Every structure is written in C-alpha cells, then in structure tokens.
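S.K.: Here is my input; please provide its structure:
(one chain, ligands or ions: 1)
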Amino acid sequence: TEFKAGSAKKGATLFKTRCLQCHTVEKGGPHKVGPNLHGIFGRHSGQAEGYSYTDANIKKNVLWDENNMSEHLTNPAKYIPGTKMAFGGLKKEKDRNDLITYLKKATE
Ligand code: HEC
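M.R.: Numbering: from 1, shown residues only. The protein structure is shown below:
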C-alpha cells in the first residue's frame, strides 16, 4: 500500500520539465545524456549494459522499485552522489508519486 492512487498526468509534465530532456525512456530508443529507463522497476541499475554509469551508481548500485524510486527523488544527492545527474528533491510527496506513475506506465 506504499503507493497511493496518484495521477501520472501531473507527474507527466514534471518529467517533461526536468527529465524527458535527459531521459528518453523511448523503447529500443537510443541513449541521450542519461541512460534510457525501461522496466528498471524491480531491477538493479546497469541493465542498459550499453550506457556507462557514474562510479557512484556502479559502486553503490541501488535496487530500483516504486519504493526505492520515491527515495531517489526525495534526496537524489546523498542517494547517488558523484553522478552528472542533479535533480532537486520535491518537498511535496504527492507530486513525487505522480512522477513515479508516469514512468511506471511506460513499464506496462
Ligand atoms: C540530465 C541532466 C538528467 C536529468 C535531468 C535526469 N537524469 Fe537521471 N540520470 C542522468 C545521468 C547522468 C545518469 C547516468 C549516471 C547514473 O548512474 O546516474 C542518470 C541515471 C539515472 C538513474 C539511475 C541509472 C540506472 O539505475 O540505470 C535513474 C533511475 C534516473 N537517472 C532517474 C531520473 C529521474 C527520476 C529523472 C526525472 C524524473 C532524471 N533521472 C532526470 C542524468 C539525468
């Protein structure tokens, strides 16, 4: 029950405002700026095995899931330091839930 009924529409724009530019998430799509995500939920990082990953994610390596994803957005700094990714944490948790829903839909 950690995930509540949220709407991806609100998170969809947040992704477009600060995520689509770096992550294409397109299926079989090429890699741009950051690695493409696809099924990363319930899986470990490095799945792309095609795009290099910051030493932190490689050495630290974290499991990605609906719960883990919320922690990444809440504090992406200490969570994965040493990477070229710099996303500001969102003070509102409700908005964060919608952002996860947008990528979660892509996993379908
Ligand atoms: C461009 C400036 C970025 C934006 C904005 C976002 N991400 Fe990113 N991300 C970026 C890079 C440089 C990397 C690769 C190096 C690394 O290991 O981090 C990443 C990586 C991720 C990952 C982890 C990699 C993996 O496990 O496969 C995740 C899951 C991730 N990024 C998520 C994410 C989200 C939630 C963002 C928008 C909502 C987002 N990133 C923006 C660069 C950039």
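
S.K.: So what's the residue count around the nearest residue to residue 38 once chain neighbours are set aside?
M.R.: Residue nearest to residue 38 in three dimensions, not counting chain neighbours: residue 27, with 6.1 Å by CB to CB, 6 or more residues apart in numbering. Quick note: C-beta positions are derived from backbone N, CA and C, even for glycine. Residues lying near residue 27 (other CB atoms under 10 Å) number 9.

S.K.: Would you map the strands across this structure?
M.R.: 43-44, 63-64 (DSSP state E).

S.K.: Nearest to the ligand among these would be which one?
M.R.: Ranking those by proximity to the ligand (CB to the nearest ligand atom) places strand 63-64 first, at 5.7 Å.

S.K.: Residues of this structure that sit close to the ligand?
M.R.: 15, 18-19, 22-23, 33-35, 37, 40, 45, 53-54, 57, 64, 72-73, 80, 83-85, 87, 99 (CB under 6 Å from any ligand atom).

S.K.: contacting residues for the nearest residue to residue 14 once chain neighbours are set aside?
M.R.: Excluding its sequence neighbours, the residue lying closest to residue 14 (CB to CB, 6+ apart) is residue 99, at 5.0 Å. With contacts taken as CB atoms under 8 Å, 6 or more residues apart in numbering, residue 99 has the following neighbours: 11, 14, 15, 19, 73, 90.

S.K.: Just send the residues you listed back as JSON lines, with neighbour count and distance to residue 4 too.
M.R.: As requested, the contacts of residue 99 are exported to JSON lines (neighbours: other CB atoms under 10 Å; distance: CB to CB, whole Å):
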{"residue": "11", "neighbour count": "25", "distance to residue 4": "13"}
{"residue": "14", "neighbour count": "18", "distance to residue 4": "17"}
{"residue": "15", "neighbour count": "20", "distance to residue 4": "18"}
{"residue": "19", "neighbour count": "19", "distance to residue 4": "21"}
{"residue": "73", "neighbour count": "21", "distance to residue 4": "15"}
{"residue": "90", "neighbour count": "15", "distance to residue 4": "15"}
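
S.K.: which one of the residues you listed sits closest to residue 2?
M.R.: Lowest distance from residue 2 to the contacts of residue 99 (CB to CB) belongs to residue 73, with 14.0 Å.
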